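Protein sequence lines, in the order shown, are assigned to chains F and H.
Residues 3 to 251, 257 to 271, 278 to 391, 408 to 486, 523 to 599, numbered by the deposited numbering, are exactly what the first sequence covers, in order.
Residue numbers for the second sequence follow the deposited numbering, beginning at 831 and rising by one.
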Amino acid sequence: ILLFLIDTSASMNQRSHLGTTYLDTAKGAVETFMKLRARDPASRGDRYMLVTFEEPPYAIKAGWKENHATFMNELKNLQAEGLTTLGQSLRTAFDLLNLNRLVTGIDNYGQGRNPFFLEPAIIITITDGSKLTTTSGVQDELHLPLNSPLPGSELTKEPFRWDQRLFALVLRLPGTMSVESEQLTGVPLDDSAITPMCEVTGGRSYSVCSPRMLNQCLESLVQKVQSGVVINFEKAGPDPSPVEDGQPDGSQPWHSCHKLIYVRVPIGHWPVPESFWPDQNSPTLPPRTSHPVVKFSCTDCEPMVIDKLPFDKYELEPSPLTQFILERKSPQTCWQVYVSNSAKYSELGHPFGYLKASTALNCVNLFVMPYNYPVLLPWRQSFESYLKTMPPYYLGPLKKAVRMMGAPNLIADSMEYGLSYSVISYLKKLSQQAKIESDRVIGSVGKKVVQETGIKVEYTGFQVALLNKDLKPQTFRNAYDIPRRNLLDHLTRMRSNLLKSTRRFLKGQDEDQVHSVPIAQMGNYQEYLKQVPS
Amino acid sequence: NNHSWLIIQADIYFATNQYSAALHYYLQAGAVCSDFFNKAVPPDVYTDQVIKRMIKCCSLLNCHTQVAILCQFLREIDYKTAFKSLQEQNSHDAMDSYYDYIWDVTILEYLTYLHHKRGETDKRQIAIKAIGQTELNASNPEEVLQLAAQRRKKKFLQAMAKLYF
Numbered sequence: 003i004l005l006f007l008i009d010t011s012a013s014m015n016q017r018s019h020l021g022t023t024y025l026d027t028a029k030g031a032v033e034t035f036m037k038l039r040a041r042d043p044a045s046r047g048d049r050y051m052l053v054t055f056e057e058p059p060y061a062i063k064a065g066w067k068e069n070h071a072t073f074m075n076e077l078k079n080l081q082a083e084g085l086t087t088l089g090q091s092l093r094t095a096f097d098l099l100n101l102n103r104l105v106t107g108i109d110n111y112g113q114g115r116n117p118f119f120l121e122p123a124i125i126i127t128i129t130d131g132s133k134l135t136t137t138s139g140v141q142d143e144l145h146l147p148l149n150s151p152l153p154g155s156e157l158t159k160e161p162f163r164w165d166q167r168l169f170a171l172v173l174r175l176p177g178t179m180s181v182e183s184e185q186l187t188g189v190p191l192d193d194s195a196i197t198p199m200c201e202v203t204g205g206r207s208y209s210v211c212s213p214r215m216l217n218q219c220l221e222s223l224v225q226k227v228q229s230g231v232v233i234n235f236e237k238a239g240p241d242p243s244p245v246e247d248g249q250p251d257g258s259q260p261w262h263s264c265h266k267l268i269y270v271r278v279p280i281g282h283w284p285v286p287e288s289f290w291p292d293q294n295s296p297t298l299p300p301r302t303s304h305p306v307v308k309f310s311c312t313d314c315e316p317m318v319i320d321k322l323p324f325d326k327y328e329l330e331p332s333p334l335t336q337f338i339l340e341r342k343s344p345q346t347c348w349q350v351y352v353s354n355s356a357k358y359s360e361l362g363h364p365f366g367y368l369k370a371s372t373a374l375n376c377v378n379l380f381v382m383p384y385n386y387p388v389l390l391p408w409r410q411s412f413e414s415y416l417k418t419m420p421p422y423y424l425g426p427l428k429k430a431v432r433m434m435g436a437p438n439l440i441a442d443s444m445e446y447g448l449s450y451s452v453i454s455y456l457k458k459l460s461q462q463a464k465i466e467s468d469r470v471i472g473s474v475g476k477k478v479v480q481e482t483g484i485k486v523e524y525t526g527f528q529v530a531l532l533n534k535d536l537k538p539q540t541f542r543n544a545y546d547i548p549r550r551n552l553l554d555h556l557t558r559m560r561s562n563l564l565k566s567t568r569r570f571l572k573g574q575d576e577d578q579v580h581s582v583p584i585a586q587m588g589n590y591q592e593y594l595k596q597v598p599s
Numbered sequence: 831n832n833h834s835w836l837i838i839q840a841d842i843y844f845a846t847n848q849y850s851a852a853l854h855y856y857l858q859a860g861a862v863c864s865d866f867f868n869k870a871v872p873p874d875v876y877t878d879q880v881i882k883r884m885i886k887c888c889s890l891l892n893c894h895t896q897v898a899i900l901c902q903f904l905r906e907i908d909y910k911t912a913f914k915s916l917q918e919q920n921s922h923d924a925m926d927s928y929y930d931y932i933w934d935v936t937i938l939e940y941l942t943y944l945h946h947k948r949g950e951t952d953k954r955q956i957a958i959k960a961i962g963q964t965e966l967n968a969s970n971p972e973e974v975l976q977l978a979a980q981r982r983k984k985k986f987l988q989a990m991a992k993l994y995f
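Here is the structure:
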């Protein structure tokens, strides 16, 4: 799923050095991105959406239940007229991407946080350089407005989601020559108000300066689409305890890269449950975070973990692997990882996995382990006392693995909270109704706005008409659509047309055809008694 | 031939609710300091306060496009008053004939949005054509935008001097 955000604002009317405006260059770049992505044999399941800088009823051009034909037709007729309302457009796009999330089961907020339930989405937000306006002045903060929150959105406290990356294109093409071609293989950043918003999600922001640089950035962007598993790392709290082959001193601490969870839907178990201590009676649930604040500690702690535990291959995208490569990729050794923010009743973090590398030393495998592996792996009334340290709802998925061996547990203590189940079906129904109402009025514009609003300065109610583009005057049916110049000739033409008594008469003077004239479409409505047997 | 005394006279006229004579004497001082606006006006003759007083004079004189053009002579363009003036519908300054003096992309974008909102396609097309110029692109190396801005300043100041007195 790819949602292209093209502003089509009035500031996108300035002409480049090639002769076309920035909007035409953006549309051409989108078309070349389409034809480049079509090369990879994986573009048979994705869906394209379009978002412009227009009113909430008119911002979306093609959303759910819209094929490629209507999407291309809407992107073709894009007009650059309006202000640069970036915040409202980003909010509308994020709400559109989060319409079918509370109904299928993604981010249920009650049963862990399953990383194998993915809904990838990439935003391009092709906008102008700077100087965004909000009908009052020029702002320099880019704060997303919060006026009408969706039902069930206060449990994340952030507009974007687990898998929602945000790339940006500014299209800073000069007007005279664009002769800046010193650095060949180098794509700098835009350094604008959208740069922090993009970096928070996990995607960079390109700075287009030349058509060659545009082609380079488009060819570099097609290689950044996969399953979205974005997790945040922190150096705390080990004081860079990497004393293995050298001495530490770094910027590879707050790594917020993605992870490629390739399927073999995705197959996996043992998710990151949450970051708080869930109580048995809690009417209000604390809001989750889109990026989990999980921290790693550099300790050997028996990296050899061999068992019949179901295996996972959530591949990690190499972005800050320099710190690992400095220590020879940690051969035959790993380092634990633990989620912060009160992972248990009374403690600060519980190691639930590690980041052991592969034998090929190519990337990090991201070995996800159970909540507390070094205890259950090595019954004398031990498991009954051990199952009290883990979160309650967490007994859900692990028991499935126990199904591979037997079934000692039951549904006696399989209860998260009596108040968490309530006020959940109503929120899901409200979200479904909102998604249906949004998908219903998605393409039907029905503007019907043509007036001059004649002010005084039949009274207080007059309004002069405006020039209608698609008027289609009926010359043979309506007599008012016949001007004075070609009146007598048109009169004789109408007379001859009425006195001819032909078959299948029409009221159009000369209606040649539409913009498209297909050969197969016209040849299908015919009959040819021939087969060419010879 | 003294810019200081002309500025003092213009300020005195502005204090007595005389805006036309204030603009007259302001343009007179501008023609005294710089030779008929052929060169850039000195920063001490036309300060921020003088340009703000010119904007105040042109605002109450039913000249809103002139206000929007004058809001670009400041060190920092005040878009609030420009958008407040361009929103009026009782201008007396040939709105469609002063769009060539605007070299700011934000003001032209706001003009295009206002013309599209009110269904004024004739002026909306003029605004878009003014945006699609090669001189102003908001991406030049600043050696071209400054020259075009100075040329438009000279042209607008000479037109305003031909208008008054």
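Idealized CB from N, CA, C, for every residue including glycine.
Which residues in chain H have a C-beta closer than 9 Å to the C-beta of residue i? List them in chain order.
i	result
F/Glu481	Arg948, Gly949 and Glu950
F/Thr335	Result: empty, since nearest Cβ-Cβ is about 34 Å, beyond 9 Å.
residue 2 of chain F	This structure cannot speak to residue 2 of chain F, because chain F is shown only from 3 to 599.
F/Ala40	Those do not exist, as F/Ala40 stays about 31 Å from chain H at its closest Cβ, beyond 9 Å.
Residues bridged to residue i by DSSP?
i	result
F/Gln349	F/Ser310 and F/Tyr367
F/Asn234	F/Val306
F/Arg167	F/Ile124
F/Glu83	According to DSSP, which records beta bridges pairwise, F/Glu83 is partnered with nothing at all.
F/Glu328	F/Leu267
F/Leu191	F/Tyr208
F/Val479	F/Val479 pairs with nothing; no bridge assigned.
F/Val381	F/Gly366
F/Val140	F/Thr135
How far does the beta strand (DSSP E) with residue i in it reach, from first residue to last?
i	result
F/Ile62	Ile62 to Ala64
F/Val53	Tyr50 to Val53
F/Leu4	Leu4 to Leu7
H/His945	That residue, H/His945, is in no beta strand (DSSP E); its alpha helix (DSSP H) goes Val935 to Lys947.
F/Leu339	Taken as a continuous stretch (DSSP letters only), F/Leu339 belongs to no beta strand (DSSP E), as it is neither H nor E.
residue 623 of chain F	As shown, chain F starts at 3 and ends at 599. That puts residue 623 of chain F outside it, with no answer to give.
What does residue i reach in chain F if we use C-beta pairs closer than 7 Å?
i	result
H/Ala859	Within 7 Å Cβ-Cβ: nothing; H/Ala859 doesn't reach chain F, min ~30 Å.
H/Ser969	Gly131, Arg174, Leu175, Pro176 and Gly177
H/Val897	Within chain F, no residue comes near H/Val897; the closest Cβ sits about 15 Å away, beyond 7 Å.
H/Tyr994	The premise fails here: H/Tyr994 is roughly 26 Å from chain F at the closest Cβ pair, so nothing lies under 7 Å.
Along chain F, in chain order, which residues have C-beta atoms closer than 9 Å to that of residue i?
i	result
residue 1005 of chain H	Nothing can be reported for residue 1005 of chain H, as the shown portion of chain H is limited to 831 through 995.
H/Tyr929	Residues of chain F passing the Cβ test: none, with the nearest at roughly 13 Å.
H/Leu966	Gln16 and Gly177
Would you mind reading off the limits of the alpha helix (DSSP H) that contains residue i?
i	result
F/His555	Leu553 to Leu563
F/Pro198	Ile196 to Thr203
F/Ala71	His70 to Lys78
F/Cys219	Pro213 to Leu223
F/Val172	No alpha helix (DSSP H) holds F/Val172; DSSP gives it neither H nor E.
residue 404 of chain F	Here chain F breaks off after 391 and picks up again at 408, leaving residue 404 of chain F without coordinates.
F/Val529	F/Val529 -> no alpha helix (DSSP H), and no H or E assigned at all.
H/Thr951	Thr951 to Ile961
Just to make sure I have the definition right: I need the residues of chain F whose C-beta is within less than 8 Å of the C-beta of residue i. Which are they?
i	result
H/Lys983	Correct list: empty, because the minimum Cβ distance to chain F is about 20 Å.
H/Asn920	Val486
H/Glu906	Near H/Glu906 there are no residues of chain F at all, since even the closest Cβ is about 10 Å away, more than 8 Å.
Could you name the residues of chain H that residue i contacts, counting a contact when the two beta carbons are closer than 8 Å?
i	result
F/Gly139	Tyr909, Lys910 and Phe913
F/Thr23	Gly962
F/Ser263	Within chain H, no residue comes near F/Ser263; the closest Cβ sits about 30 Å away, beyond 8 Å.
Starting from residue i, find everything on chain H with Cβ-Cβ shorter than 7 Å and list it in chain order.
i	result
F/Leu532	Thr951
Which residues, taken in chain order from the stretch 946-962 of chain H, show a beta carbon closer than 8 Å to some beta carbon of chain F? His946, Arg948, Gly949, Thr951, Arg954, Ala957, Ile958, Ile961 and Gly962
What are the complete beta strand (DSSP E) segments, minimum 3 residues, inside the stretch 113-138 of chain F? none
With 8 Å as the limit, tell me which residues of the stretch 858-888 of chain H have their beta carbon closer than that to any beta carbon of chain F; keep them in chain order. none
Going along the stretch 75-93 of chain F in order, which residues come within less than 7 Å of chain H, judged by CB to CB distance? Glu83, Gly84 and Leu85
Those runs of the beta strand (DSSP E) which lie wholly inside the stretch 13-57 of chain F and span at least 3 residues: 50-53
Residues of the stretch 846-858 of chain H in Cβ contact with chain F at a cutoff of 7 Å, in chain order, please. none
Going along the chain, which unbroken runs of the alpha helix (DSSP H) with 4 or more residues stay wholly within the stretch 848-913 of chain H? 849-863, 878-889 and 894-900
Residues in the stretch 933-947 of chain H with C-beta within 7 Å of chain F's C-beta atoms, listed in sequence order? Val935, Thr936, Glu939, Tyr940, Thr942, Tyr943 and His946
Which residues, in order along the stretch 134-168 of chain F, keep a beta-carbon less than 8 Å from a beta-carbon of chain H? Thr135, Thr137, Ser138, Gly139 and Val140
Chain H contacts from the stretch 195-221 of chain F (Cβ-Cβ distance under 9 Å): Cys211
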